[PDB]
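Here is the file start.pdb (PDB, C-alpha atoms and all ligand atoms).
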```pdb
ATOM      1  CA  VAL F   3       6.928 -19.996  -4.553
ATOM      2  CA  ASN F   4       6.807 -16.477  -6.096
ATOM      3  CA  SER F   5       9.254 -13.833  -7.433
ATOM      4  CA  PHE F   6       9.595 -11.431  -4.473
ATOM      5  CA  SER F   7      13.291 -11.344  -3.507
ATOM      6  CA  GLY F   8      15.118 -10.454  -0.286
ATOM      7  CA  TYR F   9      12.045  -9.936   1.880
ATOM      8  CA  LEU F  10      12.228 -10.532   5.637
ATOM      9  CA  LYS F  11       9.691 -12.947   7.190
ATOM     10  CA  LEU F  12       7.704 -11.251   9.987
ATOM     11  CA  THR F  13       4.783 -13.748  10.319
ATOM     12  CA  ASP F  14       3.245 -16.681   8.476
ATOM     13  CA  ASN F  15       1.869 -14.320   5.815
ATOM     14  CA  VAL F  16       3.579 -10.901   6.182
ATOM     15  CA  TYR F  17       6.985 -10.103   4.641
ATOM     16  CA  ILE F  18       8.893  -6.798   4.642
ATOM     17  CA  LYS F  19      11.736  -5.113   2.708
ATOM     18  CA  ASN F  20      13.527  -1.734   2.580
ATOM     19  CA  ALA F  21      12.760  -0.691  -0.989
ATOM     20  CA  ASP F  22      10.950   1.778  -3.233
ATOM     21  CA  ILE F  23       7.535   0.164  -3.941
ATOM     22  CA  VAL F  24       7.578   1.481  -7.536
ATOM     23  CA  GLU F  25      10.955  -0.192  -8.110
ATOM     24  CA  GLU F  26       9.711  -3.446  -6.591
ATOM     25  CA  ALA F  27       6.669  -3.323  -8.820
ATOM     26  CA  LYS F  28       8.731  -2.778 -11.993
ATOM     27  CA  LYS F  29      10.884  -5.835 -11.148
ATOM     28  CA  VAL F  30       8.228  -8.298  -9.896
ATOM     29  CA  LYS F  31       5.188  -7.193 -11.967
ATOM     30  CA  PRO F  32       2.899  -8.437  -9.189
ATOM     31  CA  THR F  33      -0.716  -9.290  -9.776
ATOM     32  CA  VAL F  34      -1.624  -6.507  -7.313
ATOM     33  CA  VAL F  35       0.236  -3.385  -6.187
ATOM     34  CA  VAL F  36      -1.465  -1.339  -3.462
ATOM     35  CA  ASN F  37      -1.614   2.446  -3.752
ATOM     36  CA  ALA F  38      -1.840   4.696  -0.682
ATOM     37  CA  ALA F  39      -4.768   6.575  -2.224
ATOM     38  CA  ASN F  40      -7.054   9.389  -1.126
ATOM     39  CA  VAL F  41     -10.809   9.473  -1.705
ATOM     40  CA  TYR F  42     -10.455  11.669  -4.832
ATOM     41  CA  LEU F  43      -7.696   9.488  -6.332
ATOM     42  CA  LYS F  44      -5.533  12.635  -6.632
ATOM     43  CA  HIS F  45      -2.027  11.072  -6.890
ATOM     44  CA  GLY F  46       0.241  14.027  -6.160
ATOM     45  CA  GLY F  47       2.862  12.860  -3.634
ATOM     46  CA  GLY F  48       4.095   9.964  -1.493
ATOM     47  CA  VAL F  49       3.407   6.441  -2.766
ATOM     48  CA  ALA F  50       0.494   7.670  -4.916
ATOM     49  CA  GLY F  51       2.530  10.329  -6.677
ATOM     50  CA  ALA F  52       5.384   7.834  -7.033
ATOM     51  CA  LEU F  53       3.272   5.122  -8.697
ATOM     52  CA  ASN F  54       1.562   7.688 -10.853
ATOM     53  CA  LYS F  55       4.867   9.217 -11.980
ATOM     54  CA  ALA F  56       6.121   5.764 -13.022
ATOM     55  CA  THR F  57       2.997   5.322 -15.159
ATOM     56  CA  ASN F  58       3.662   8.618 -16.983
ATOM     57  CA  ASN F  59       0.398  10.005 -15.480
ATOM     58  CA  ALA F  60      -1.730   7.192 -17.002
ATOM     59  CA  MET F  61      -2.830   6.205 -13.495
ATOM     60  CA  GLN F  62      -4.139   9.747 -12.904
ATOM     61  CA  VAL F  63      -5.997   9.835 -16.251
ATOM     62  CA  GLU F  64      -7.686   6.503 -15.495
ATOM     63  CA  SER F  65      -8.465   7.638 -11.943
ATOM     64  CA  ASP F  66     -10.095  10.874 -13.109
ATOM     65  CA  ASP F  67     -12.456   8.874 -15.324
ATOM     66  CA  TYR F  68     -13.195   6.517 -12.402
ATOM     67  CA  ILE F  69     -14.152   9.446 -10.138
ATOM     68  CA  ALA F  70     -16.203  11.144 -12.854
ATOM     69  CA  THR F  71     -18.270   7.946 -13.192
ATOM     70  CA  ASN F  72     -18.415   6.718  -9.583
ATOM     71  CA  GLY F  73     -17.631   9.632  -7.275
ATOM     72  CA  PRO F  74     -15.162   9.532  -4.396
ATOM     73  CA  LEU F  75     -14.131   6.516  -2.402
ATOM     74  CA  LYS F  76     -14.788   6.175   1.350
ATOM     75  CA  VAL F  77     -12.006   6.476   3.923
ATOM     76  CA  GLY F  78     -11.277   2.803   4.647
ATOM     77  CA  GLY F  79     -12.443   1.826   1.148
ATOM     78  CA  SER F  80     -10.795   0.789  -2.088
ATOM     79  CA  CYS F  81     -11.179   0.224  -5.791
ATOM     80  CA  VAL F  82      -9.367  -1.990  -8.304
ATOM     81  CA  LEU F  83      -7.965  -0.245 -11.386
ATOM     82  CA  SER F  84      -5.236  -1.072 -13.896
ATOM     83  CA  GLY F  85      -1.678  -1.625 -12.760
ATOM     84  CA  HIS F  86      -0.435  -0.060 -16.015
ATOM     85  CA  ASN F  87       3.271  -0.850 -16.497
ATOM     86  CA  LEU F  88       3.737  -1.741 -12.810
ATOM     87  CA  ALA F  89       1.395  -4.636 -12.058
ATOM     88  CA  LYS F  90      -1.677  -6.357 -13.478
ATOM     89  CA  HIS F  91      -3.926  -4.423 -11.088
ATOM     90  CA  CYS F  92      -3.602  -1.506  -8.679
ATOM     91  CA  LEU F  93      -5.678  -1.721  -5.510
ATOM     92  CA  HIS F  94      -6.228   1.897  -4.474
ATOM     93  CA  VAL F  95      -6.798   1.807  -0.696
ATOM     94  CA  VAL F  96      -7.705   4.866   1.392
ATOM     95  CA  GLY F  97      -6.266   4.781   4.885
ATOM     96  CA  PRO F  98      -7.165   7.597   7.309
ATOM     97  CA  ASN F  99      -4.968  10.724   7.054
ATOM     98  CA  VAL F 100      -4.200  12.006  10.596
ATOM     99  CA  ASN F 101      -2.921  15.326   9.179
ATOM    100  CA  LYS F 102      -6.455  15.794   7.729
ATOM    101  CA  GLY F 103      -7.797  14.888  11.218
ATOM    102  CA  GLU F 104      -9.290  11.579  10.001
ATOM    103  CA  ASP F 105     -10.305   8.710  12.361
ATOM    104  CA  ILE F 106      -7.335   6.392  13.217
ATOM    105  CA  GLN F 107      -9.769   3.417  13.778
ATOM    106  CA  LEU F 108     -10.553   3.210  10.042
ATOM    107  CA  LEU F 109      -7.066   1.772   9.468
ATOM    108  CA  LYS F 110      -8.280  -1.771  10.186
ATOM    109  CA  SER F 111     -11.113  -1.369   7.667
ATOM    110  CA  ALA F 112      -8.579  -0.132   5.111
ATOM    111  CA  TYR F 113      -6.386  -3.219   5.607
ATOM    112  CA  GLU F 114      -9.398  -5.554   5.296
ATOM    113  CA  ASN F 115      -9.426  -4.705   1.571
ATOM    114  CA  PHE F 116      -6.173  -6.658   1.220
ATOM    115  CA  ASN F 117      -8.014  -9.901   2.163
ATOM    116  CA  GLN F 118      -9.760  -9.871  -1.223
ATOM    117  CA  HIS F 119      -6.403 -10.615  -2.953
ATOM    118  CA  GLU F 120      -4.264 -13.707  -2.441
ATOM    119  CA  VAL F 121      -0.914 -11.877  -2.840
ATOM    120  CA  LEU F 122      -0.111  -8.138  -2.742
ATOM    121  CA  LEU F 123       2.848  -5.763  -2.907
ATOM    122  CA  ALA F 124       1.893  -2.948  -0.548
ATOM    123  CA  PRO F 125       2.948   0.077   1.522
ATOM    124  CA  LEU F 126       2.051   0.561   5.188
ATOM    125  CA  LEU F 127      -1.347   2.289   5.116
ATOM    126  CA  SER F 128      -1.705   5.694   6.848
ATOM    127  CA  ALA F 129       2.102   5.986   7.251
ATOM    128  CA  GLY F 130       4.428   8.611   5.750
ATOM    129  CA  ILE F 131       2.592  11.830   4.790
ATOM    130  CA  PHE F 132      -0.717  10.289   6.025
ATOM    131  CA  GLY F 133       0.557  10.999   9.545
ATOM    132  CA  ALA F 134       0.045   7.754  11.528
ATOM    133  CA  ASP F 135       2.741   5.853  13.406
ATOM    134  CA  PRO F 136       4.227   3.225  11.020
ATOM    135  CA  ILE F 137       4.794   0.811  13.933
ATOM    136  CA  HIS F 138       1.037   0.966  14.625
ATOM    137  CA  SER F 139       0.258   0.491  10.931
ATOM    138  CA  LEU F 140       2.455  -2.618  10.782
ATOM    139  CA  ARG F 141       0.707  -4.023  13.875
ATOM    140  CA  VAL F 142      -2.752  -3.474  12.361
ATOM    141  CA  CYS F 143      -1.527  -5.029   9.094
ATOM    142  CA  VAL F 144      -0.268  -8.231  10.734
ATOM    143  CA  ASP F 145      -3.409  -8.476  12.899
ATOM    144  CA  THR F 146      -5.851  -7.873  10.000
ATOM    145  CA  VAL F 147      -4.427  -9.191   6.731
ATOM    146  CA  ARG F 148      -4.635 -12.960   6.267
ATOM    147  CA  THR F 149      -3.494 -13.099   2.631
ATOM    148  CA  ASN F 150       0.152 -12.888   1.594
ATOM    149  CA  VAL F 151       1.474  -9.337   1.839
ATOM    150  CA  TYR F 152       4.918  -8.097   0.763
ATOM    151  CA  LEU F 153       5.492  -4.705   2.387
ATOM    152  CA  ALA F 154       7.955  -2.274   0.817
ATOM    153  CA  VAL F 155       9.291   0.450   3.149
ATOM    154  CA  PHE F 156      10.994   3.402   1.421
ATOM    155  CA  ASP F 157      12.934   4.816   4.388
ATOM    156  CA  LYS F 158      15.926   2.719   5.531
ATOM    157  CA  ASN F 159      16.037   4.056   9.086
ATOM    158  CA  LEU F 160      12.289   3.440   9.442
ATOM    159  CA  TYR F 161      12.663  -0.149   8.078
ATOM    160  CA  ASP F 162      15.349  -0.948  10.625
ATOM    161  CA  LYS F 163      13.139   0.375  13.420
ATOM    162  CA  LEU F 164      10.052  -1.515  12.171
ATOM    163  CA  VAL F 165      11.999  -4.792  12.253
ATOM    164  CA  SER F 166      13.706  -4.168  15.592
ATOM    165  CA  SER F 167      10.477  -3.139  17.364
ATOM    166  CA  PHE F 168       8.203  -5.795  15.881
ATOM    167  CA  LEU F 169       6.478  -7.933  18.485
TER
HETATM  168  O1  LIG G 201       6.077   8.300   0.480
HETATM  169  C1  LIG G 201       6.618   7.266   0.209
HETATM  170  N1  LIG G 201       6.608   6.104   1.086
HETATM  171  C2  LIG G 201       5.981   6.069   2.367
HETATM  172  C3  LIG G 201       6.859   6.670   3.497
HETATM  173  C4  LIG G 201       7.900   7.560   3.538
HETATM  174  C5  LIG G 201       8.464   7.950   4.749
HETATM  175  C6  LIG G 201       7.975   7.435   5.955
HETATM  176  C7  LIG G 201       6.926   6.536   5.917
HETATM  177  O2  LIG G 201       6.380   6.052   7.098
HETATM  178  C8  LIG G 201       6.369   6.166   4.698
HETATM  179  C9  LIG G 201       5.251   5.189   4.324
HETATM  180  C10 LIG G 201       5.675   4.728   2.966
HETATM  181  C11 LIG G 201       6.923   3.828   2.943
HETATM  182  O3  LIG G 201       7.252   3.136   3.934
HETATM  183  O4  LIG G 201       7.616   3.782   1.912
HETATM  184  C12 LIG G 201       7.335   7.114  -1.131
HETATM  185  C13 LIG G 201       7.557   8.246  -1.906
HETATM  186  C14 LIG G 201       8.215   8.133  -3.124
HETATM  187  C15 LIG G 201       8.621   6.876  -3.560
HETATM  188  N2  LIG G 201       9.307   6.735  -4.824
HETATM  189  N3  LIG G 201       9.875   7.918  -5.348
HETATM  190  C16 LIG G 201      10.797   8.683  -4.760
HETATM  191  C17 LIG G 201      11.018   9.732  -5.636
HETATM  192  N4  LIG G 201      10.239   9.547  -6.706
HETATM  193  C18 LIG G 201       9.546   8.451  -6.508
HETATM  194  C19 LIG G 201       8.375   5.748  -2.797
HETATM  195  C20 LIG G 201       7.729   5.855  -1.574
END
```
Please re-express this file's structure in structure tokens.
Ligand SMILES: O=C(N[C@@H]1c2cccc(O)c2C[C@@H]1C(=O)O)c1ccc(Nn2ccnc2)cc1
Amino acid sequence: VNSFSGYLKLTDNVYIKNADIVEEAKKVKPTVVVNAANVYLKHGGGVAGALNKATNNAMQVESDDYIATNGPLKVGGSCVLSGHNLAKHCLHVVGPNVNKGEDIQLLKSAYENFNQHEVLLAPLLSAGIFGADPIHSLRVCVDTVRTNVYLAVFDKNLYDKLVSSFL
């Protein structure tokens, strides 16, 4: 038993809720919150800009040092950094960005990063301003992630559609 509240059970291990992921993180203080990152860890908008704003830009400062030392991530890759005031850790995961013309197939590789963590609070990878179909992202999530994932979906109308169309 954990502290996530009001989630809907989709499968044995995947749960979903209409909520702002930053607000969920503040309340639950999960061990791991997932960021919808890009390879440069430039957190300007969407989930990434949201999480970074809530950290008062500390996430961006830490990320800039990470990139200066290690260089960019790979599309489909990830790194673990601090969760600051939101979580113990932030797993920065890079899903493909269709609006950048990136390869849709890398979405499964991106979700495989979640399997390294027993429990995560996460967004749907490649959705929103990354350009992919959220219904597809949810399908790849359920078919790839074996650990316990609590998905926060910002948009109410999208949430309702994700639940109603889930196979
Ligand atoms: O971009 C966000 N989310 C994504 C989104 C939005 C629309 C359609 C989608 O498919 C997706 C995928 C993901 C989701 O499902 O939420 C987001 C932005 C700000 C925020 N917090 N915030 C607001 C103002 N200041 C801070 C929280 C989330």
As a check of understanding, name the residues that the PyMOL selection byres (((chain F and resi 138-154) around 8) and not hetatm) selects in the supplied structure, as a PyMOL selection string. chain F and resi 6+9+13+15-23+26+109-110+113-114+116-117+119-129+134-137+155-156+164+168
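Between atom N1 of ligand LIG 201 (chain G) and CA of residue 31 (chain F) the separation is 18.7 Å.
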By how many Å are CA of residue 94 (chain F) and atom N3 of ligand LIG 201 (chain G) apart? 17.2 Å
For the structure shown, which residues end up in the PyMOL selection byres (((chain F and resi 62) around 10) and not hetatm)? Put them as a CSV table (one decimal) with C-alpha atoms, keeping the file's coordinate frame, please?
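To be explicit, this is the file written out as part.csv:
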```csv
chain,number,residue,atom,x,y,z
F,43,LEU,CA,-7.7,9.5,-6.3
F,44,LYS,CA,-5.5,12.6,-6.6
F,45,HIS,CA,-2.0,11.1,-6.9
F,46,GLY,CA,0.2,14.0,-6.2
F,50,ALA,CA,0.5,7.7,-4.9
F,51,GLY,CA,2.5,10.3,-6.7
F,53,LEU,CA,3.3,5.1,-8.7
F,54,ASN,CA,1.6,7.7,-10.9
F,55,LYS,CA,4.9,9.2,-12.0
F,57,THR,CA,3.0,5.3,-15.2
F,58,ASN,CA,3.7,8.6,-17.0
F,59,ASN,CA,0.4,10.0,-15.5
F,60,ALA,CA,-1.7,7.2,-17.0
F,61,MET,CA,-2.8,6.2,-13.5
F,63,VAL,CA,-6.0,9.8,-16.3
F,64,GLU,CA,-7.7,6.5,-15.5
F,65,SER,CA,-8.5,7.6,-11.9
F,66,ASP,CA,-10.1,10.9,-13.1
F,67,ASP,CA,-12.5,8.9,-15.3
F,68,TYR,CA,-13.2,6.5,-12.4
```
With all atoms of ligand LIG 201 (chain G) from the file as input, state the centre and edge lengths in Å to one decimal of the axis-aligned box that has 5 Å extra on each side, as lines of an AutoDock Vina configuration file.
```
center_x = 8.1
center_y = 6.4
center_z = 0.2
size_x = 15.8
size_y = 16.6
size_z = 23.8
```
If I take atom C5 of ligand LIG 201 (chain G) and CA of residue 37 (chain F), how far is one from the other in Å, to one decimal? 14.3 Å
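If you measure from each of F:38, F:32, F:100, F:105 to ligand LIG 201 (chain G) using only C-alpha atoms and all ligand atoms, the closest one turns out to be F:38.
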For each of F:42, F:10, F:30, F:107, take the minimum atom-to-atom distance to residue 70 (chain F), counting only C-alpha atoms, then give the residue where this is smallest.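 When distances to residue 70 (chain F) are compared using only C-alpha atoms, the smallest one comes from F:42.
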For region 75-78 of chain F: contacts at 7 Å, all atoms listed in the file, fewer than 5 positions along chain excluded, given as a ChimeraX atom specification: /F:41-42,96-98,108-109,111-112
Using all atoms listed in the file, can you tell me which of F:40, F:118, F:7, F:159 comes closest to ligand LIG 201 (chain G)?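 Closest to ligand LIG 201 (chain G) of all the choices is F:159.
Of the listed residues F:106, F:48, F:162, F:115, the one whose atoms come nearest to ligand LIG 201 (chain G) is F:48, with distances taken using all atoms listed in the file.
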Please provide the set of residues having any atom within 9 Å of residue 87 (chain F), restricted to all atoms listed in the file, with same-chain residues fewer than 3 positions apart removed, written as a PyMOL selection string. chain F and resi 27-28+31+56-57+84+90
Which residue, F:131, F:165, F:39, F:93, has the smallest gap to ligand LIG 201 (chain G) when you use only C-alpha atoms and all ligand atoms?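 Checking each of F:131, F:165, F:39, F:93 against ligand LIG 201 (chain G), counting only C-alpha atoms and all ligand atoms, the winner is F:131.
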Could you please fill out region 66-90 of chain F with N, CA, C and O atoms and send it back as a compact mmCIF listing (two decimals), in the frame of the given file?
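Contents of out12.txt, freshly written:
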```
# COMPACT_ATOMS: atom_id res chain seq x y z
N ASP F 66 -9.16 9.77 -12.91
CA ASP F 66 -10.10 10.87 -13.11
C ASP F 66 -11.38 10.39 -13.76
O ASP F 66 -12.48 10.82 -13.40
N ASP F 67 -11.26 9.47 -14.73
CA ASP F 67 -12.46 8.87 -15.32
C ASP F 67 -13.23 8.05 -14.29
O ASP F 67 -14.46 8.12 -14.23
N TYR F 68 -12.52 7.28 -13.45
CA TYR F 68 -13.20 6.52 -12.40
C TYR F 68 -14.03 7.43 -11.50
O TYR F 68 -15.19 7.13 -11.18
N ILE F 69 -13.44 8.54 -11.04
CA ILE F 69 -14.15 9.45 -10.14
C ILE F 69 -15.32 10.11 -10.86
O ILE F 69 -16.39 10.30 -10.28
N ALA F 70 -15.12 10.52 -12.11
CA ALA F 70 -16.20 11.14 -12.85
C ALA F 70 -17.40 10.22 -12.97
O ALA F 70 -18.54 10.68 -12.95
N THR F 71 -17.17 8.91 -13.09
CA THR F 71 -18.27 7.95 -13.19
C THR F 71 -18.86 7.58 -11.83
O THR F 71 -20.09 7.49 -11.69
N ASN F 72 -18.01 7.38 -10.82
CA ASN F 72 -18.42 6.72 -9.58
C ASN F 72 -18.43 7.61 -8.36
O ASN F 72 -18.98 7.21 -7.33
N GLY F 73 -17.81 8.78 -8.43
CA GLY F 73 -17.63 9.63 -7.28
C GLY F 73 -16.53 9.12 -6.36
O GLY F 73 -15.90 8.09 -6.61
N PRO F 74 -16.28 9.86 -5.28
CA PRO F 74 -15.16 9.53 -4.40
C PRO F 74 -15.32 8.20 -3.68
O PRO F 74 -16.43 7.70 -3.44
N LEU F 75 -14.17 7.65 -3.31
CA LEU F 75 -14.13 6.52 -2.40
C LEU F 75 -14.49 6.98 -0.99
O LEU F 75 -14.64 8.17 -0.72
N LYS F 76 -14.63 6.00 -0.09
CA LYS F 76 -14.79 6.18 1.35
C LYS F 76 -13.42 6.04 2.01
O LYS F 76 -12.61 5.22 1.57
N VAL F 77 -13.16 6.80 3.08
CA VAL F 77 -12.01 6.48 3.92
C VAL F 77 -12.21 5.07 4.49
O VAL F 77 -13.27 4.76 5.03
N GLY F 78 -11.19 4.22 4.34
CA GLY F 78 -11.28 2.80 4.65
C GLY F 78 -11.64 1.94 3.46
O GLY F 78 -11.58 0.71 3.56
N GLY F 79 -12.02 2.55 2.33
CA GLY F 79 -12.44 1.83 1.15
C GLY F 79 -11.35 1.68 0.10
O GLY F 79 -10.19 2.05 0.30
N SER F 80 -11.74 1.10 -1.03
CA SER F 80 -10.80 0.79 -2.09
C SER F 80 -11.51 0.64 -3.42
O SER F 80 -12.73 0.47 -3.47
N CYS F 81 -10.72 0.67 -4.49
CA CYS F 81 -11.18 0.22 -5.79
C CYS F 81 -10.01 -0.43 -6.51
O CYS F 81 -8.85 -0.14 -6.24
N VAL F 82 -10.35 -1.32 -7.45
CA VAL F 82 -9.37 -1.99 -8.30
C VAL F 82 -9.35 -1.30 -9.66
O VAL F 82 -10.38 -1.21 -10.33
N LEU F 83 -8.18 -0.83 -10.07
CA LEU F 83 -7.96 -0.24 -11.39
C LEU F 83 -6.76 -0.93 -12.02
O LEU F 83 -6.20 -1.88 -11.48
N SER F 84 -6.37 -0.48 -13.21
CA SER F 84 -5.24 -1.07 -13.90
C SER F 84 -3.94 -0.84 -13.12
O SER F 84 -3.75 0.19 -12.47
N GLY F 85 -3.04 -1.81 -13.23
CA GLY F 85 -1.68 -1.62 -12.76
C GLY F 85 -0.74 -1.01 -13.77
O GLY F 85 0.43 -0.81 -13.46
N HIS F 86 -1.23 -0.71 -14.97
CA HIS F 86 -0.44 -0.06 -16.02
C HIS F 86 0.84 -0.85 -16.24
O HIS F 86 0.78 -2.08 -16.40
N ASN F 87 1.99 -0.20 -16.27
CA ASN F 87 3.27 -0.85 -16.50
C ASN F 87 3.88 -1.42 -15.23
O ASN F 87 5.00 -1.92 -15.28
N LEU F 88 3.18 -1.36 -14.10
CA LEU F 88 3.74 -1.74 -12.81
C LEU F 88 3.24 -3.08 -12.28
O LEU F 88 3.95 -3.72 -11.51
N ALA F 89 2.06 -3.51 -12.69
CA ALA F 89 1.40 -4.64 -12.06
C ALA F 89 0.21 -4.96 -12.91
O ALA F 89 -0.21 -4.17 -13.76
N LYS F 90 -0.42 -6.13 -12.74
CA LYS F 90 -1.68 -6.36 -13.48
C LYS F 90 -2.74 -5.38 -13.01
O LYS F 90 -3.39 -4.69 -13.81
```
